[PDB]
Structures are given as structure tokens and as C-alpha cells.
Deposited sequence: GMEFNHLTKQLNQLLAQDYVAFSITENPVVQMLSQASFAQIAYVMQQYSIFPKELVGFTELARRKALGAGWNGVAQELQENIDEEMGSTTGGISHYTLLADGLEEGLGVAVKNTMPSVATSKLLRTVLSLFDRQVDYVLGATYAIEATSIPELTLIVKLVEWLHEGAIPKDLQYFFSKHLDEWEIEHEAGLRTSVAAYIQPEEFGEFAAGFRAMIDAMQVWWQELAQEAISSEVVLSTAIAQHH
């Protein structure tokens, strides 16, 4: 409702004003593109790909936290999200598979065998540590994944355009088009489902969860730029 909408608005504003990692111009990989080779940015794409690969698993941990608190509307919204991610709207082909195949066949960049870097392993450990707090904190971290989706996606488009002479191969174009579309519908669904259960005295924990996730994510882009380019 109105109070939760007020909090979520402030959190998005914080993301948009204070975090260079999600800026299309101030992202630390983007800032070093002039100094990078094809292979170094391919390494970036490969490491990036591990987060979509592991996203269904994290969303399932959040769904189990929701169920455990009796936040049933939220466990249902998350399940519909898990179902999309695993391929309900695309005939049983996961979003990760659509991305992986799109990068390999479109760009010549293979990601399916990628092992996590030091940075990427650090992000994974941190995220799994967050998902072991209480439901309000964990849903704030889950809401951050949603709020960063469009900024993240915009970044990946630029990296794909840089790796492929400014153009977008057909399958990656499908993938970007279906996401950067409405999904708004995704954000609203999670926001309104959580507003049905969350109390004002739990807004602090929700905001701390959110902050922890965008911190971890920004640190990852920063460390990845340092691994990859210098």
C-alpha cells in the first residue's frame, strides 16, 4: 500500500542516485571498455552468466522463507517467477539456456562450462548468507534483484553491442525484447504481494536486506573489472 510504496520508492531512488555499478555510463566495466580486448569482455559475460544460472535457486530459498512466515501471496508470486525463469512462457526453455545459447551461437562466447572467479564466488557466498536471515530482510534482498533487473539488462546490451560491432544477433534480440518490455508487471506483482503482509516495524529489515544486496552486487562489478581488465 501507500506506506510500502513510499519505502520502495526511496530504495529505488537510492539505487538510481548512489550506485555507479548500475549506471550505463559509470559502471566500472563500461568505464574500462576502451582498454579491453574481446577476450577480456567475453570473460566478463561468462562470469556474469553465473548469476542468471543460480537465480532460480535463490528465488526458491526466498519462496521457502515466505512459506515459513505464512506470506502465502508472496510464495505464490515467487513461484510464478520461478516458472517463467524455467520456461513457462517459452515452451520449457529456461531464460539461462536462452541467454547461454544466444551468446554462444550469436557471439562465439561459450558460458555453460564457466567456473566462478574469486569475485563471483564472493558474491555467491554473500548472497547465500543474506538468504539465511528473516523473511523481511530476505524479501528486501529479493526486491533488489527485481529493482536492478532493467539496469543490469541495459548494461548487458551495451556489452553485447561492443562484442558484436554495434548489432544484436537474432536470438539475443528476442531475449532482450521480451524482458525490457513490461517487466513493471514483475516489479508490481512482488511489491503488492509483500505489501499484503509486511508491517511498518519491519521496514528497517527490508531496507537493510535491499542495501546488502546492491552493495554485494556493486562490489562484484568493481572486482570483476579489476580481474578482467587490470
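Participant: Where along the deposited sequence are residues missing from the model?
Facilitator: No C-alpha coordinates exist for 184, 232-244.
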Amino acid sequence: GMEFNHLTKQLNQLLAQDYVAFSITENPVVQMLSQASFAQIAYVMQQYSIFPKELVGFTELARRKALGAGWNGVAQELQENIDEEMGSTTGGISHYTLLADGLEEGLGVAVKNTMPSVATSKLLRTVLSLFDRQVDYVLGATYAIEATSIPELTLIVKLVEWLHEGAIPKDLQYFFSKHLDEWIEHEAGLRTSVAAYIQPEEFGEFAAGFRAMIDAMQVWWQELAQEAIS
From here on, numbers count along this sequence of modelled residues.
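Participant: On mean Cα temperature factor in this entry, is 15-23 or 214-222 the higher one?
Facilitator: Higher mean C-alpha B-factor in the PDB entry: 15-23.
Participant: Can you tell me which stretch has the higher mean Cα B-factor, 39-47 or 166-174?
Facilitator: For C-alpha atoms only, the mean B-factor is higher in 166-174.
Participant: Just to confirm, going by the entry's C-alpha B-factors, which of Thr142, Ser121, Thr89, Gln79 comes out highest?
Facilitator: In the PDB entry, the greatest C-alpha B-factor among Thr142, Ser121, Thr89, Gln79 is found at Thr89.
Participant: Would you please rank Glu54 by its C-alpha temperature factor against the other modelled residues of its chain and give the third it falls in: lowest, middle or highest?
Facilitator: Highest third - that is where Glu54 ends up once the chain's C-alpha B-factors are sorted.
Participant: Ranking the modelled residues of this chain by C-alpha B-factor as given in the entry, is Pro200 in the lowest, middle or highest third?
Facilitator: Ranked within chain, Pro200 CA B lands in the lowest tercile.
Participant: If you rank the chain by CA B-factor, which third does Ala110 end up in: lowest, middle or highest?
Facilitator: Top third by C-alpha B-factor.
Participant: Name the third of the chain's ranked CA B-factors that contains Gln134, choosing lowest, middle or highest.
Facilitator: For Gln134, whose C-alpha B-factor we compare with every modelled residue in the chain, the answer is the highest third.
Participant: Going by the CA temperature factor in the PDB record, which third of the chain does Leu99 belong to: lowest, middle or highest?
Facilitator: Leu99: CA B-factor falls in the middle third of its chain.
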